Structures are given as C-alpha cells and as structure tokens.
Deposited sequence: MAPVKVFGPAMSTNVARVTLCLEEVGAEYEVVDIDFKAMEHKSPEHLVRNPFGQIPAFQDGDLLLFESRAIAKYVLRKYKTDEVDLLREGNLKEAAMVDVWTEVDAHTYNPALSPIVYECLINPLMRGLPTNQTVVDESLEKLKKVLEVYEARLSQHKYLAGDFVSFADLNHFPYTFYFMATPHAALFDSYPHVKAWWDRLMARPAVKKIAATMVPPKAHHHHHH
C-alpha cells in the first residue's frame, strides 16, 4: 500500500535518476512538481530523504527482488563493479559531460545567458578521453558493470539524455560500442517512460 512521493522539478536530472530507479523496480510512486529555495525530496510514510544518489539506492534496496537487483549488494564482485562505475559517472564522466548540457541547454533556455564556447570545447576534449575508456569497457561487456544492467548504467541516463539534445549528440557515433550501449539503455521500457517526462 501507499505509493512514495518525489518532490522536485520533474525534468531535473536529480528527479530523473530517482524516477528511473522507481520504474525499474516497479514501485508505485507519485511525482509532485515543486521548485525550492539536495534537489529531489523523497517521502516514504514518515521517512523523508534528500539527495539523488542516496534516494536511488534507497529505492533499489527497498524494492529489491531476486530478479530485479540493480545494486547486487549480495555478490561482492558484481557490487564492486556497480560501485566503481557509479564513481566513474560521478567524478569522471559527468564532470566532463554535464557542463556541455548546462552551457548548450540550461544557460540559454532556463537561466538565460549565452553559450560559452571555451568551456564547451574544453568539456568536449575531456569527454572524448572519457569515451575512449568507455569504448573499451563496453567492447568487453554489454553494460558498465558486466553483462547485466545496474545502477551504474542507470546513473548515466539523465545527463546523457540531455546531452543527446545538444548539437553534439553525434559524438557518440564516433564510439560504436558506447553508442550501442546507449541504444541498449534507450530501449529499456523503464528508460523511455522517464525519457518522456523530459525535453525542455
């Protein structure tokens, strides 16, 4: 009984990370669009949580099944692969890619101001070195942590999806194994539901 509730700009990457996870576990949830003064807020009965990645993990743990276990916290080695590539997103991939989408989308559209090209070109060069590594990893496996989708892959969706709305979306075609992995994600039923809540 009782769905959970996610309070936040229902197009933010922060909310998306959480909603994507809820969909993958089949949790009934409600999104209440609100902008505030940790971007997403989360209520489960009396319990109230903030912060994207912490709420995602709470969700994946709470609705974890033998069949849908996206953290693999019971298999040490699989959980280490989930964890390392979640860290790669947070400290290597996203810092190179998220400025591209903040400059090319949110700076003109939302927080109206011109697109800074020095930062975009620098982020593109760093992203290119990131994707080189991704290209090798995803030649060995279909997903980041191995041959099973996981939190690590899901963590990549929200910002990449907006990157795929910049004039640079085609950069991934220069890396056919990453492209295919991206395409593998975009076809998951749960991803396209969340993808439909986005696009400025």
Ranges of the deposited sequence (numbered from 1) for which no C-alpha atom is modelled
38-53, 217-225
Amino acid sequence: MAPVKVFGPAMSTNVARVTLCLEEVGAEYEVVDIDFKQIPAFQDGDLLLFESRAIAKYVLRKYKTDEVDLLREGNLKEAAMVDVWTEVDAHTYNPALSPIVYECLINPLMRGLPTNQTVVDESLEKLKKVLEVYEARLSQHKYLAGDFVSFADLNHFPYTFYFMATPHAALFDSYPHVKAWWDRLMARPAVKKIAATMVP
From here on, numbers count along this sequence of modelled residues.
Higher of the two mean Cα B-factors (28-36, 134-142; per PDB record) comes from 28-36
Please compare 167-175 with 144-152 and say which has the higher mean C-alpha temperature factor in the record.
167-175
C-alpha B-factor winner, where the candidates are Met110, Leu71, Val88, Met81
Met110
Mind checking which third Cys21 falls in for C-alpha B-factor across the chain?
lowest
Binned into thirds over the chain's modelled residues, the C-alpha B-factor of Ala96 lands in the middle
Tell me, lowest, middle or highest third: where does the Cα B factor of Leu76 rank within its chain?
lowest
What third of the chain, by the recorded C-alpha B-factor, contains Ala56?
lowest
